[PDB]
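Q: An experimental structure, sequence included, is below.
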There are 4 protein chains.
Amino acid sequence: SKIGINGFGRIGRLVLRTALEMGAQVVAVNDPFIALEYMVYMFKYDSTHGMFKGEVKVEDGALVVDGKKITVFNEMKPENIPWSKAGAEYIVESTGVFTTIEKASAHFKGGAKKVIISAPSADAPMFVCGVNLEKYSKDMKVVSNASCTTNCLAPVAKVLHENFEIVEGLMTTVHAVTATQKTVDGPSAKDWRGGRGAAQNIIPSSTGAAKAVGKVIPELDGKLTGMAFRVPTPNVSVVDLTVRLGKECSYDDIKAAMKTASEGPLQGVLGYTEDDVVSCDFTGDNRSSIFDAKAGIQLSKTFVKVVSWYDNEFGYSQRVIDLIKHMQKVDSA
Amino acid sequence: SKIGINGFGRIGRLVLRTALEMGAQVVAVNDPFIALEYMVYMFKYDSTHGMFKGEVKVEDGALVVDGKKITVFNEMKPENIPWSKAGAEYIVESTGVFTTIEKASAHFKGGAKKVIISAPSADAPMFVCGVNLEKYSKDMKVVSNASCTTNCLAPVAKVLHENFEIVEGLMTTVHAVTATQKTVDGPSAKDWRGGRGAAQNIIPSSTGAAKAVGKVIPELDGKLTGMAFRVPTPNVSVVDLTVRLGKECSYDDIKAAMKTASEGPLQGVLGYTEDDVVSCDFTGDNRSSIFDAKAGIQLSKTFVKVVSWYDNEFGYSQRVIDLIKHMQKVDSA
Amino acid sequence: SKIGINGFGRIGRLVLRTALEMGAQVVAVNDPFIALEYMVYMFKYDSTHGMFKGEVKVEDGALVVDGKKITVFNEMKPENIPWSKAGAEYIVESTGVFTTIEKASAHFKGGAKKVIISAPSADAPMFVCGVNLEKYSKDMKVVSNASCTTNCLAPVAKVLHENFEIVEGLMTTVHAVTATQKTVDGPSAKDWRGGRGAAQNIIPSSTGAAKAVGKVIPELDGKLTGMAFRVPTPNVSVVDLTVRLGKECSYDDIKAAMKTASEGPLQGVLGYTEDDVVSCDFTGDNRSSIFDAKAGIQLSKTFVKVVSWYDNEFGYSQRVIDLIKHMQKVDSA
Amino acid sequence: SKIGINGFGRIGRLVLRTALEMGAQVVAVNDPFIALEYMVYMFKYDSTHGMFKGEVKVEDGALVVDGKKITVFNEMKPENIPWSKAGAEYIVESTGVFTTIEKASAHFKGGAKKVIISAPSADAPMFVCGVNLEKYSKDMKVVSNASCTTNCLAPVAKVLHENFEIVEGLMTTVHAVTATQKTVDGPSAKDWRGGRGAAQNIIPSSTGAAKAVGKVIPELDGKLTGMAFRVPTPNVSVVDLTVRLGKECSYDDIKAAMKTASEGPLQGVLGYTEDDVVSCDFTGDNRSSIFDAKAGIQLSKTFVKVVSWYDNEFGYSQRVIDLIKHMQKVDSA
Ligand SMILES: NC(=S)c1ccc[n+]([C@@H]2O[C@H](COP(=O)([O-])OP(=O)(O)OC[C@H]3O[C@@H](n4cnc5c(N)ncnc54)[C@H](O)[C@@H]3O)[C@@H](O)[C@H]2O)c1
Ligand SMILES: NC(=S)c1ccc[n+]([C@@H]2O[C@H](COP(=O)([O-])OP(=O)(O)OC[C@H]3O[C@@H](n4cnc5c(N)ncnc54)[C@H](O)[C@@H]3O)[C@@H](O)[C@H]2O)c1
């Protein structure tokens, strides 16, 4: 696996935890802004996904988790990271700063062989496990895992589209509070609404997830768009998708299609439920998107509103490792 | 006005506050679960709408607000309340338990001329100020003022339908917590999701608002439907309407139809804004529906998503007094 | 173990989960207000302690958890519960209604052998594991496990008192939201502040925990008292104890005493930490009370403020089983 | 008044709002991180204190509030601001970055007569209206107004000390979230607990308030100390003071000393209440400290716990204008 992580942030730390679960191997981490003993603390304690059960300690300038030694670098510039030194080959780029092919290539300077951008990218090909891994080629050096929301929508859109055909659709993601928000009314020049107190408000916001689905599923390109609402919940969001279908159908055909997909080809990616669930029931859920059967409504044989849950960064993190696994498989074949 | 209120709850109490400003006259209140000295407290202090600025005190087994003497009864059953004794002709039924024409007719025993259900009714004619008040005739003894959400949607639907014709629409309301939810996971046999902790979850929920619009605007009957998401905010909700129009139009055309309506026929009922607003900016707002221009999005010339705000507690109260004033001008004409 | 539970509430359900963890045996449950299939749902999904990992299902009028069959009764009156038929001997009384020895004895009419009140009791002897179990005798038929807060304070007070002697102390428990609170301003005749919107306010409140410690540790009787503040957090509370000591000491002697106790005699009951913890780091913590070393302050050699965390009902639930285990040990000797 | 403000943040903005009511005169503002059209927005809309009722608009590169023309500068460094140009003599330093007499003296280059640090200073004389204003002399060029918490505590401490003598006390402040906290777990190298999600946790924190009272009331120097708990509320905090008095007294005696002080020497600064109040009942309150009689508790005749509220944003702002008015009456005398 020889995985390396650049940027020990919320995604970066969750990717590490996930790796330890799924048995993947992380050999080095790079973050110039977080001191070594502070990394231990941020990795150990997590307000949402709880206490890390296992041993975590600093030992000889390295981070030791459950006996596994992880080399730590503090380079501000990607080109200066000794990836090869630590034996890191597949780099998870999660700083949110080097998201373009050009910027991301600086990692090859240090010995890296592949770079996975854990965010949307203006030019790196984007992948959503279960939707388009068919497009991945061994000679792609830099790839993107899209966004948390795209990984939720894509699976659902794919199932709907391949069965009833999406003519057009509008989306709303009722989203949990994010790190770019503020506790109290403060300055946010790039997004005035985004600066208003997060715990007090419902905040209309943006999302590129709908457009992004147009890149992951080309036929849908230009047929979907959407927005978001930031609400005062700590974790877990939900996708409210309203679509106009090309084939007439009953809401039962839709539940059937989703259920079949979840047990078959999209198992582990798309979940299915008929229980009376609420956002908290999905904290720590592995799947990228869970179809809420009871929450959806159908107005006519071709006009329906479908609902799908997803744990923000947690399901996304499982997908990052999944993507790296598929890649290494195709890369060594 | 000679108004009487049954149910000194969130609405009952705010209708009184609103009445004291729009100059209406409340002469009697009735609530068994609230003692006289306790009413002084619940009316004076309000977590959401602030401390009441004015004099509120008990005097002669009566409630005295800024001089106004208000007779208080504590009956547990409607037909008991001696409305006639206090001189209460028009009754605001805001307990949420006697919503049908039958149950609400109880107040007639006490000597009440008319009854206004501050909630949707299964059989009492429903009204929405600015949308269908012309259908009200004096011979009507019991009327409904619909729900908070129907009052926000109807105005917006009227405008969209009158200008571009609504073919079909699906609505989602990101709603603030209500008195029927629970602070922590608790029992709610009729609505399992509804019993989940309201401070931690995004709770899918139902709503009849979209269908009710089918009763207020006959032409839209059966062309609208929706659902809700209960979020952790104390007050102020938003309607997310995804609609398919019959006439091709640009989003500028939609903004123009809205602004226009808010200056003429629906002024004071439908507001229009282009600011980067958030839910807290509407606490205490008098309008039934405030169109958020910047938040809306358009996919095609006939498929657009519209967003409108509403202070579910306050605005509805203002509309309750407004409905009574219209009724009395027609009843005494 | 032959444990039976009366009242499948928040405590009742957590006690069941805990029993399954600790390997205790629950053979029957009684709750007249919760339907059988609804019990499955409330046991499976928990907003705070998450999804129950394991199988849960209704089977032949019984509840089956991980293959273990649990008989379900729906008796409104304790005397009518067939405890003996289900083989239940130790009854966890968690309805909050039959908390006195007299009321609790009705369980013996159904065949029960012992009753543990999972709440304070006006007359049943009270126990706090690790503080006064020595006093328990096999012929006590009804006992109380005190409250969640007493189980947090008692351990800490015991360590402080036996080492430096508590002359007098005042306590404040900054407490998470409770089920007896309201989502929005509503009626609460027995507690006006307690009826104010829970998500919007800091609510001064009461606690009997200080007085109760006077019964668990007699020497401290009449030397402690306190209050509470209800804050908008879903789970986990913290005890802020200010005491005047009889022996002069340094804050280091205090940390030393707490650390020693946590590793020795109070292990599993009193935790100790020097990390920069926050309330969420304790969700799901087994201990009754965790001493926060860094949070405390000392003004003089005999005046100090000590801080201790506790997960509300979760640590308490582990203590209920612990108490039943000690009891059965002493009871069969 | 000729007031100028540096730092249009929560305080900067509220000081302007307060000034517009107490009739003070603000003639200039300065903030680099906020553009002119953005100031109109941040001042007009406020999540906590409501939408500003009045006219706010940009005009001639100037901010115009209800006619008042306010010159705007955007400098990044103090000594630059051309205060003299606008006619700003008294400067409210509310950036929180130039709190020392040295750093704050920068404003002197611009032609500023006096500077008031809207935060504690390490070396500028600290004042608390109603407690030590009699110690201010015109020869003072740079002064501090202490912190929100010191302003709540000092009044209460003065009264307790003057009447019963404070031997020693320990303070806990259950504080609302501030601009320096994070919405979700994020980096905060100088305060690890401080970086934890503010919407989910009770976060232990430090405070200098209790010691600062030692500087405002010299006699209490070294006899007071405390700490804080940051909770998920937008505004309004409470002081929980556990104090040991030198003279035996009853709680009635304490209530009487408080009520008395609030009608004479400390009226308008220290409030007194006996109602069942909660934090939201103090949003927008002008007083620095509101004594909550019902919440207090007494253990013995010399050991009592006192509780006092304060709207940390609003009340402090009012005190800032008050301090300037006192300074100008003395400066021009
Ligand atoms: N608050 C919002 S947002 C809103 C908006 C639109 C419509 N409504 C509807 O208005 C109704 C009341 O809502 P609410 O104000 O939130 O309720 P809330 O529970 O706050 O108040 C209801 C009041 O009814 C009183 N009451 C109960 N039973 C009786 C009785 N038998 N006789 C006399 N009084 C009684 C009770 O003491 C309580 O204060 C419900 O049907 C709602 O669905 C609420
Ligand atoms: N609300 C509470 S609790 C309270 C009470 C009393 C005092 N204070 C203190 O008052 C200070 C300001 O608080 P706040 O209002 O929350 O600040 P906040 O950070 O919200 O605003 C400060 C403003 O200063 C601006 N600024 C930064 N640097 C400069 C500069 N170099 N030149 C000119 N302008 C600049 C900046 O853009 C920002 O908008 C802090 O030190 C607080 O700790 C807070």
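A: Great, that's in hand. Numbers count the residues shown, from 1 in each chain, chains lettered A, B, ... in the order given. Ligands and ions are numbered 1, 2, ... in the order given.
Q: Whether the biggest helix by length in chain A contacts chain B - can you check?
A: Scanning chain A for the longest helix, with DSSP state H as the assignment, gives helix A:312-331. No: contact of helix A:312-331 with chain B (C-beta under 8 Å from any C-beta of the partner chain) is absent, the minimum separation being 12.1 Å. The way it works is simple: take the backbone N, C-alpha and C, and place the C-beta from them, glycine included.
Q: other SSEs contacting that helix?
A: Contact here means 3 or more C-beta pairs under 8 Å, 6 or more residues apart in numbering or on different chains; DSSP states H and E; on that basis helix A:312-331 packs against helix A:10-21, strand A:90-93, strand A:114-117, helix A:148-164.
Q: With respect to ligand 1, which of those lies nearest?
A: Ligand 1 sits nearest to helix A:148-164 of all the helices and strands packed on helix A:312-331, at 29.9 Å, using C-beta to the nearest ligand atom.
Q: who's in contact with the closest residue to residue A:131 other than its chain neighbours?
A: On the basis of C-beta to C-beta, 6 or more residues apart in numbering or on different chains, the spatially nearest residue to residue A:131 that is not a chain neighbour turns out to be residue A:154, at 4.6 Å. Taking C-beta atoms under 8 Å, 6 or more residues apart in numbering or on different chains, we find residue A:154 in contact with A:128, A:130, A:131, A:146, A:213, A:216, A:217, A:288, A:289.
Q: So residue A:232 is in contact with residue A:200, correct?
A: Yes: contact criterion C-beta atoms under 8 Å: residue A:232 and residue A:200 qualify, at 7.4 Å.
Q: between those two, what contacts are shared?
A: residue B:233.
Q: And the residue nearest to residue A:131, how far from residue A:212?
A: Look at residue A:154 and residue A:212: by C-beta to C-beta, to the nearest Å, they are 8 Å apart.
Q: residues shared between the contacts of those two?
A: With C-beta under 8 Å, 6+ apart, residue A:154 and residue A:212 have common neighbours residue A:146.
Q: Endpoints of stretch A:112-126, how far apart?
A: The first and final residues of stretch A:112-126 sit 20 Å from each other (C-alpha to C-alpha, to the nearest Å).
Q: Against residue B:139, how distant is the residue nearest to residue A:131?
A: Taking C-beta to C-beta, one finds residue A:154 at 58 Å from residue B:139.
Q: from the contacts of residue A:154, which is closest to chain B?
A: residue A:213 (13.0 Å; C-beta to the nearest C-beta).
Q: who touches the closest one in this structure?
A: Per C-beta under 8 Å, 6+ apart, neighbours of residue A:213: A:150, A:153, A:154, A:157, A:220, A:224.
Q: Next: residue A:309.
A: Contacts of residue A:309 by C-beta under 8 Å, 6+ apart are A:152, A:236, A:237, A:238, A:239, A:277, A:279, A:282, A:285, A:289, A:290, A:292.
Q: follow-up on the earlier one: now, which of the contacts of residue A:154 lie within helices?
A: In helices, judged by DSSP H, the following of these are found: A:213, A:216.
Q: Let me see the domain layout of chain A.
A: As recorded under curated CATH domains, the domains making up chain A are A:1-146+A:313-332, A:147-312.
Q: most packed of the ones you listed?
A: Across the domains of chain A, averaging neighbours per residue (mean count of other C-beta atoms under 10 Å in any protein chain shown) puts domain A:147-312 on top, at a mean of 21.
Q: end to end, how far does it reach?
A: Termini of domain A:147-312 sit 9 Å apart (C-alpha to C-alpha).
Q: check whether that domain contacts ligand 2.
A: Yes: Domain A:147-312 lies within reach of ligand 2 by C-beta under 6 Å from any ligand atom, at A:186, A:187.
Q: Now do that domain: distance to the chain's middle.
A: 13 Å (C-alpha atoms, centre = their mean, to the nearest Å).
Q: hmm, stretch A:161-179 in reach of chain C?
A: No: under the criterion of C-beta under 8 Å from any C-beta, chain C is not reached by stretch A:161-179; the shortest gap measures 14.2 Å.
Q: quick one: that stretch near chain D?
A: Yes: using C-beta under 8 Å from any C-beta, stretch A:161-179 comes into contact with chain D via A:177, A:178, A:179.
Q: any idea how far ligand 1 is from the last one?
A: To tie it back to what came earlier, the one meant is residue A:179. 32 Å (C-beta to the nearest ligand atom, to the nearest Å).
Q: Tell me which helix or strand that residue sits in.
A: Using DSSP states H and E, residue A:179 sits in no helix or strand.
Q: Now do the SS call for the nearest residue to it once chain neighbours are set aside.
A: Distances taken as C-beta to C-beta, 6+ apart place residue D:184 nearest to residue A:179, at 5.0 Å, with adjacent residues excluded. Three-state assignment for residue D:184 (DSSP: H, G, I helix; E, B strand; the rest coil): coil.
Q: and residue D:184, what does it touch?
A: Contact analysis of residue D:184 by C-beta under 8 Å, 6+ apart lists A:10, A:47, A:48, A:177, A:178, A:179, A:234, D:197, D:199.
Q: One more: residue A:312?
A: A:148, A:176, A:235, A:236, A:237.
Q: Against chain B, how distant is it?
A: Remark: distance between residue A:312 and chain B (C-beta to the nearest C-beta, to the nearest Å) = 12 Å.
Q: ok but residue A:308 is inside a strand, no?
A: Yes: with three-state DSSP as the criterion, residue A:308 is located in a strand.
Q: what about the helices in chain A?
A: A:10-21, A:36-44, A:83-86, A:101-104, A:106-109, A:148-164, A:209-216, A:251-263, A:312-331.
Q: ok, residue A:28 - contacts?
A: Contacts of residue A:28 (C-beta under 8 Å, 6+ apart): A:4, A:5, A:70, A:71, A:72, A:73, A:83, A:86, A:87, A:88.
Q: 6 Å instead?
A: Residues near residue A:28 by C-beta atoms under 6 Å, 6 or more residues apart in numbering or on different chains: A:4, A:71, A:86, A:88.
Q: Any idea what it is bridged to?
A: residue A:4, residue A:71 (DSSP bridges).
Q: Same check on residue A:298?
A: Residue A:298 has these beta-bridge partners by DSSP bridges: residue A:304.
Q: Quick check: the residue in the stretch 151-300 of chain A positioned nearest to ligand 1 vs residue C:177, distance?
A: Here the stretch 151-300 of chain A gets closest to ligand 1 at one residue, residue A:202, 14.5 Å apart by C-beta to the nearest ligand atom. Applying C-beta to C-beta, the value for residue A:202 to residue C:177 is 21 Å.
Q: One more: residue A:5?
A: The value you get for residue A:5 to residue C:177, if C-beta to C-beta is used, is 37 Å.
Q: What of residue A:280?
A: Relative to residue C:177, residue A:280 is positioned 14 Å away (C-beta to C-beta).
Q: Up against chain B, what does chain A have?
A: A:168, A:170, A:172, A:174, A:192-193, A:196, A:200-204, A:225, A:227, A:229, A:231-233, A:238, A:240, A:242, A:276, A:278-280, A:295, A:297, A:299, A:303, A:305 (C-beta under 6 Å from any C-beta of the partner chain).
Q: one more time with 7 Å, if that's ok
A: Residues of chain A found near chain B (C-beta under 7 Å from any C-beta of the partner chain) are A:168, A:170, A:172, A:174, A:192-193, A:196, A:200-204, A:225, A:227, A:229, A:231-233, A:238, A:240, A:242, A:244, A:276, A:278-280, A:292, A:295, A:297, A:299-300, A:303, A:305, A:307.
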